[PDB]
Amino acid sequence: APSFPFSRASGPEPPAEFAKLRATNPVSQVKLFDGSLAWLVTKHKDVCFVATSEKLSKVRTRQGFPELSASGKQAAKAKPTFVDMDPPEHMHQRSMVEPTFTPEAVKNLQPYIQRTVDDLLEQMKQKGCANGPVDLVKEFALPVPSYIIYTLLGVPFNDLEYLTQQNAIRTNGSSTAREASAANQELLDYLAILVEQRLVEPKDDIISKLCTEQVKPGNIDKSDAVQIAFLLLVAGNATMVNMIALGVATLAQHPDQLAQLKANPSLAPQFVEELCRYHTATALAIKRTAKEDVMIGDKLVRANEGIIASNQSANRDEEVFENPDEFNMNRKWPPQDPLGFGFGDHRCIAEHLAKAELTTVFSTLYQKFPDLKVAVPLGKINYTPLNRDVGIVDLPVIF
């Protein structure tokens, strides 16, 4: 049984192990850091199965849950939020914050999203270019999702820049454990303040909604509200940043498609669709423990055994996506759902918001800067460590 998680084949590539497993051992056992075993599911059909089976659980206090790291096991001790709940608890809490993320609400947020992107682009533009190349991540990829989620949560405008930086420290590779923990606790303390403030004087934001609709009524307590807000913040911000950076790098890697996108920004949604399939920046979230014996393919997963369903592998499943390793924004999509945002009940609550942010970025970026170019050789891009989800740390660009 090989050690898992695997390491990416290279900067922009997924672990090489998946393709081989999909072809000769679709459901196999892998070894976790603590020596425990878990079943790794690699085929699309099987990942969908794992994502929806009611015989499987997300509760981390269940023996057999596939924790992939030491900190993961320790974090499982805290009171859980809907991300780690099974029905009916899951939807009971998730539904408390769903409203802001529906396709309709996101559609209505479009002008705000566009406005946020335009402003950041305009700033990045005045950030000059005569003084050398600028870092697209620090100047654009990072603040776009950060400002949007912070603003949606209820953070005032003047606090955005500082909080964006602090939340970034939480996951920065350069950050020490101490710095990361401090930023983490700092954000939690700040949200606790906002919750106290919004309880007294609610505004038009998620935190306020939690306070008035759930805290005051006594459905949840203040700390719960804080944890739900924190979850919405940290769950996908880092991923958003990486996806934006990865999209820019990918376009540079395929001049033909960049030319096509420049000539037709209306192709942004298709490009984002292909981007979320090709670069599965969140590939270790579909994990479960078997509540009872379950058969998957030619394997029997016994009660209390853990399962890791790789949506990254599923998105490269040759049986579903033709020429899966080819990035093609003009790709002819099959009826099967790409799994960049998961599947089933737990499917990313912000899938629509995330795609809207990406679509806005890629339909505006090259209209603002038609000659935007990565300022270093593509093969020199600074990707995240290979033992981590795919992403880019920094990306110098000129325009």
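Throughout, we count residues from 1 along the sequence that is shown.
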| query | finding |
| --- | --- |
| Stretch with the higher entry mean CA B-factor, where the candidates are 67 to 75 and 179 to 187 | 67 to 75 |
| Comparing 40 to 48 with 58 to 66, the one whose average Cα B-factor in the PDB entry is higher | 58 to 66 |
| Maximum C-alpha temperature factor, selected from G306, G247, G128, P103 | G128 |
| Identity of residue with top Cα B-factor, from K107, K287, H254, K299 | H254 |
| Relative C-alpha B-factor of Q227, binned into the chain's lowest, middle or highest third | middle |
| Ranked C-alpha temperature factor of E274 among modelled chain residues, by third | lowest |
| Among modelled residues of the same chain, the CA temperature factor third for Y147 | lowest |
| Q114, C-alpha B-factor rank within chain (lowest, middle or highest third) | lowest |
| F369 CA temperature factor, ranked by third within the chain | middle |
